[PDB]
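The structure appears right after this line, and notes come after that.
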């Protein structure tokens, strides 16, 4: 199995597998069963922003999800990532729909990782930023249903040519380069990610969610990971 | 009185005013009496590095102080900085000697502050980096005894022309521009600082310490802030 | 007199003092009489963007001014800036109106300066970015008529409470910190600036222009610098 | 054939194929026959630094190669890179030896590419920085003889376990991710690279050189590209 750490924007409460009884954001460490969650007043049809951060000194993975003038939902979790992840990883975005559906539309995404070693200059750095997506994003590994559209958006899950979301979809986008997310001689390892997103749905209870995740480099969509497993895990353990 | 938040590298245990009984690093919020400390195996005559970070989501101010191959001392403290500091601040370095003495030599210093508001692009940013100091550092406000030397170092406290440290010294260096360190509409406010330093001393128990601090914009060295008060506070309350 | 290098967005052709006979962008080195100009299809009432760059190896100061889908005007000039400017400068924006008028509204501004010396890490850096302006921009030196408005814009020249531009106005905004724009031991010195702007006017021939400029640190608006002298020069020599 | 743009640090004058009669730096556009060269006072056994820059407004590709206190060699060339390179590229370092030999040791490498579109925020960015190299650099495509060593250096050409350079060697290292180096709607495209290097040799006339290059994404070492062709070209046309 892969090794996964994620920030989930989970629109659909799957209380049979431990979700709280509301839409929520969560921090996931090697399980769909979040280690920490917060209530999320998700707003269909409005552009949201997520900002995720972590550093190895603080050892606190945090996320905030906002809609302008609209709400600010925050979650954090204390964890030593170096003890969980391999030292080389790929970073990505995932999304699913199930019986119920929603767009999982990414409008922009940025990511920064640093390793520091007793200088004002980083010992290692990686940064990428997209404020739109090309028709042929050569620096993305697209998995499952994920595609880019004529508007420059990344559609993680399937949408029809009219823009309507489809059920039973899974898709992911990984940055092409492996990231050296920790190294045993570094003094500090830190990372930050931001993305903006648009979730539209006609459904009473839109589903299922989208995530930013960090994984082993050769990560692939697990078999059986549609709907409530957000394209990340093979089961609900 | 000024309003001060600091990371102290405190070489001299002043147990009468609450220091632990060893050299230590500490996080100071409006008092010399640190809110959190860690033991510090300080090494005279070796170049050290300090890395300080905070973000408004995590609400955890952290520092790590290292000497290569030598030791890694870390301290953190959970606090909401926006509720403590004014929204405009100056950032700086301070140092003192007292009866006992040490160089408080800064070899490099960098600082980054960001404000983010629902885009992959910062809503506001400030960054500065010095890997050496000019003879006339026009972007620094030098206070007290602080000066730059012919080697490109910032000598926060007095040193003789042979390089020997002097007692009863206080000095500070502030970045010239005010920094907008938080703002009530921002989704996230974050800052990072790094500096490298050299503390030499002939004394059995070198004193007194050096700090990175954040203050009201018009901050000045308090009267009576030499030695154990590290140039930051007018008393030990 | 001050020492000035500027990029001018010159809406009004003052052919008596050497302007071409059209609105134009220009590179100005110690004179209002541009060293290089390009025709500018300026569009009142639309948001424009300017990007300015220079590096000491290439020795080519360049600017591009764009309106989305609208036009792209570019100018460059080969010059060794280190031989013209003092090693410490302030950077700023200036604007004027004269008999004829226009808003000189700045919506965002960023600036980066680097000094490099045989490492992958900069020897010195300064960066600032504003994507809006506070009511009390403590890190700006406002000169003349320049003010910030309730919308978060910087109004370099006077506008009425209805937003109508006024004639015979001059204003400038400088970044608070001096910038070490070159240093004799650096291998490379480089700088980049971006701003976005909005020029509205009811006038047949809107006037007079706005600039990004670099000057001696103590620069002030010259006497007699309204209208065609864009707040930068005391005469048209 | 591949499509190549390079900055060459050419230690060995191959005057039969157009080199000047001295060690030199050069800018290469689709040929080994440099479009522009400068004399280079190369210093065996000393660490050097190269800084390379380009932007689409200025249209001037420049390089400077320095040894501290030692010499500063600069070359530039006016060219519109968007008309030469594909819009997606890989970036890399190459080196060769031939009959005569030298180490082609890279100690650090950084690279930044930006695309800007009428905001203070980049429309697209990629940055990477290595201040040393891992034993298994998962974000590098190593070609030919290139390897990383136990000291954290990248040895582009073969060296023995005692550190002695070998003849008839070719090697390259490419960054794993493709780079979107230009795009037809961008207002500006810019890139910067820095690396530090160490060239040791016992030979009277050390050979052959090392380069930073930009190529089509699927670039490979051409057959017959050892020695004077610096691993980049299949012939001397």
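Lettered A, B, C and D in written order, each chain numbered from 1.
In this text, contacts are C-beta pairs under 8 Å (C-beta built on N, C-alpha and C of every residue); 3 or more make two chains touch, one makes a residue touch a chain.
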Reference interface A-D: repeating pair among A-C, B-C or B-D with over half of contacts shared: B-C
Pair sharing more residue contacts (C-beta pairs) when A-B is set against B-C: A-B
Gap in Å, rounded to a whole number, between the CA centres of chain C and chain B: 36
Residues of chain C touching at least two other chains: 110, 117, 119-122, 129-131
Contacting residues of chain D [partner chain A, same complex]: 88, 110, 117, 121-132, 134, 138-139, 175-180, 183, 217
Of chain C, residues touching chain A in the complex: 119-122
Contact set on chain D toward chain C in their complex: 47-49, 51, 53, 55, 57-58, 60, 62-64, 66-68, 72, 74, 76, 108-110, 116-121, 129-131, 187-188, 190, 194-196
